[PDB]
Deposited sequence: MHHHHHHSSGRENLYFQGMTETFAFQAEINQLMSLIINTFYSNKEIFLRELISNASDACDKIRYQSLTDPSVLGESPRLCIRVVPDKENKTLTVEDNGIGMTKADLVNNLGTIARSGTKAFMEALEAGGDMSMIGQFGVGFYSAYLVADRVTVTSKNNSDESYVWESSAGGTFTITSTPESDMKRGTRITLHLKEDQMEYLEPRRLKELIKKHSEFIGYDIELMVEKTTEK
């Protein structure tokens, strides 16, 4: 009468965020900040880290790469849907990884980061406080993370920073890796511009050891 029923189509589970993470998300989504572009660097850094994980695993067991051995990153603007997406074919996240690493496990630097912000600290230091992912809310009102790890099924994590996130699964599903889609806020449409993205990618990617392909629309 669940996943095994002939008529089953999918399931969505709702989770609350760890208290400080919720506080941080409310702070980020509502704050005024004049250098919001740093969100892109955080997305690319996470893609790179995920590619490193599978790359090193592949040195002992090449079979982990399956049919996608060429590790790379894609940046996908979508003017029609008002979304910016960052895709990788890195290690991917299991259902547990999504629930644990994206909202429920406490990050020791969460409190210190919010305290730093009030004291005149730099929002660009977000990554150094171990909460880089949440910078997406500087430019987006909704974030959708689709991920597939070799040891699990594909799942979709989603949140509009309202105190909860969802985890969605379907019987059929996404190759290994992660796709992070940001639904941009009304005044953040510049991150859909090819020129703005090309320069921003070049700005914080001389150190990234993977090809970063900017997908052109129209």
*What gaps appear when the modelled C-alpha atoms are mapped onto the deposited sequence?*
1-8, 182, 228-231
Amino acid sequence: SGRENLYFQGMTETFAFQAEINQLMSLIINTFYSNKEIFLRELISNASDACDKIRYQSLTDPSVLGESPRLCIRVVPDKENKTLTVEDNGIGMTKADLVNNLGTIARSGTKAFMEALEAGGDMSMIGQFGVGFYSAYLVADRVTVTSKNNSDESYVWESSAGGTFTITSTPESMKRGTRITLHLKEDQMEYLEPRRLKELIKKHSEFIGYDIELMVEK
From here on, numbers count along this sequence of modelled residues.
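If you superpose the two forms and keep the largest set of C-alpha atoms that fall within 1.5 Å, you have the rigid core.
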*Once the rigid core is lined up, would you tell me whether 141-149 or 121-129 has the higher RMS CA deviation in 4 other deposited structures of this protein?*
121-129
*Hey, after superposing on the core, which one moves around more in 4 other deposited structures of this protein, 99-107 or 80-88, CA-wise?*
99-107
_Checking the other compared PDB entries, only those that cover the residues flanking it, does residue 45 lack coordinates in at least one third?_
no
*Taking the other compared PDB entries with both flanking residues modelled, is residue 65 unmodelled in at least a third?*
yes
*Could you check which stretch, 120-128 or 143-151, carries the larger mean CA temperature factor in the entry?*
120-128
*Give the stretch, out of 62-70 and 30-38, with the larger mean C-alpha temperature factor in the deposited entry.*
30-38
_Among the choices 200, 11, 16, 24, identify the one whose CA B-factor in the record is greatest._
200
*Hey, what third does residue 160 fall into on Cα B-factor, ranked over its chain?*
middle
*For residue 189, does the deposited CA B-factor place it in the lowest, middle or highest third of the chain?*
highest
*For residue 77, return the chain-relative third of its C-alpha B-factor as stated in the PDB record: lowest, middle or highest.*
highest
*Relative to the other modelled residues in the chain, which third contains the C-alpha temperature factor of residue 43: lowest, middle or highest?*
middle
